[PDB]
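Okay, here we've got a single chain as structure tokens, the form deposited in one PDB entry, with questions on binding and movement later.
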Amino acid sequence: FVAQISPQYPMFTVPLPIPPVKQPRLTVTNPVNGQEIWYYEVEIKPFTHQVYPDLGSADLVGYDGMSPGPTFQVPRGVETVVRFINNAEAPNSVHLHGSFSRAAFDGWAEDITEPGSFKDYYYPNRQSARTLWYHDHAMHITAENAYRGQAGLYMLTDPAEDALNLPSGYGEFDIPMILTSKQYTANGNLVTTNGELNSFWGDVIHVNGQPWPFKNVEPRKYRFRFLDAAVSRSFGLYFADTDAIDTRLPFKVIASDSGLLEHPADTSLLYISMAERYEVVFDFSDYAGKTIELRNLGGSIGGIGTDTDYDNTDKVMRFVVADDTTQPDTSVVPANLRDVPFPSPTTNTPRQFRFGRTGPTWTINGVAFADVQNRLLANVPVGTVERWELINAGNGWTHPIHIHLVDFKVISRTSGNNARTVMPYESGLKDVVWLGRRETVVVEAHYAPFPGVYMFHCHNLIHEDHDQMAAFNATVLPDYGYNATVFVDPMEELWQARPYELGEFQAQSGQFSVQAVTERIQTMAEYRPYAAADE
């Protein structure tokens, strides 16, 4: 490893913070079905926070002026409208990662909101229970917007999964674990990602926005919701007793990007790359009175990646395990979690997408996103199941690939270094898959249920910004209906950002009056954006 560049930090001295739950402002009755739609207001604004206790503070920009943004908790079947208000200094575009939103509510990179404007995002919340996350996607400034704080968690819940009796209680035994990797100046401010064209690895590991924290835990089971929200750093996570720091302790993975696995996957090492979500149950029962360190495999994630490793990037956080529990642990991890809704399999030859570099620019089949005339790389009729072959021929870089709209099954992985194939925790449904060194992955997806133009890209945010993103069009015929003509173009004027005055927001009047919000949402709802999922 390489010497740390950021100032020395007081390791494992600050408790793991938990982002607060985001509460809706009000609900609006949907005239179509008489259901309540939950309406939220999120203010994107600059803020500072004192990351290094004995230095200066860091400049950030976040949802509701915090990083991570607040955590949404939404039950399946409840539609939501979130008004993302830009009261900051650069444009934004919000992507709810994990949601089959319509194209104009999906965070298309050109679909920006300027400072002094807001955009209303209408979300369906119909998919399987899963850990989604919302984050910036504005063209060519995504890495810095995310880095400086525009990412938060969004939990879609299902009461039918209650009976599973998994470890529960947000911030109690259900713990968000948002990972980031950054670098700090000598006075404790952030080093900018601007100017970086290869990757911004970072030498300070954060969980939920906090460098190298600790958490006091009871000797029992916890559900951890891991999310790699870093700009460029991938992880190989493992747990180890501080008395045997090299010995990986077993745990279970219970969910991936799109929701629960069919069965828990017994795991001692969890590969997790940018934008991937995995939910883990760890049992601290056997480690009462010990300290368990969450660590990160070195040698560039054990040869799967190419990331630079530093003095302390092998460390994530510490769990200090109590002698005994306060209450008995009545939670379980069932052998059978759910039936996973895999798409009907196809034998058609996969579509092929090569992720590489064309000179300094990161590209897809030699194309960059700025190239408007060539960036639409696939037309797929709505309802088609397709396999895509995702190729990383290079040994010098890696790419976690995200395909919007869909959930996909990971069919195969080859490695030119023979390092791995499909992992056990990739057994279910995902929407990001890591192309490690010399890896080719085939995925299978139902391109459904909504027509429109959607993105796919590498989710290394440096690669993404420069310029590794393309589009596909999920297409329908002229007689399809469902108001498709106003929902296929992500830049559709009907759904564009709107200017606001700060005073009317603060006074909750005008555009922000109960009447105006109610009427705006009821009118949106009349277009019935998500009806095709209700067949």
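Numbering starts at 1 and runs along the sequence shown.
Per the PDB record, of the two stretches 141-149 and 282-290, 282-290 carries the greater mean B-factor over its C-alpha atoms. Mean CA temperature factor is higher for 296-304 when stretches 296-304 and 93-101 are set side by side in the entry.
Annotation for 247, 363, 117, 128: 247 ranks highest, by Cα B-factor.
If you compare the C-alpha temperature factors of 272, 205, 333, 445 in the entry, 333 comes out highest. Among the modelled residues of the chain, residue 64 sits in the middle third by CA temperature factor in this PDB entry.
For residue 160, the recorded CA B-factor ranks within the highest third of the chain. Only modelled residues enter the ranking. When the CA B factors of the chain's modelled residues are split into thirds, the value for residue 521 lands in the middle one.
When the CA B factors of the chain's modelled residues are split into thirds, the value for residue 344 lands in the lowest one. Residue-level temperature factors show residue 51 in the highest third of its chain, judged at the C-alpha atom.
Below: the form solved in complex with a small molecule, not depicted.
Only one of 387-395, 311-319, 120-128, 293-301 lies within 4.5 Å of the small molecule in the deposited bound form by heavy atoms, and it is 387-395. Taken together, the three residues 357, 362 and 438 all come within 4.5 Å of the small molecule in the deposited bound form, as judged by their closest heavy atom. The shortest heavy atom separation between residue 198 and the small molecule in the deposited bound form is within 4.5 Å.
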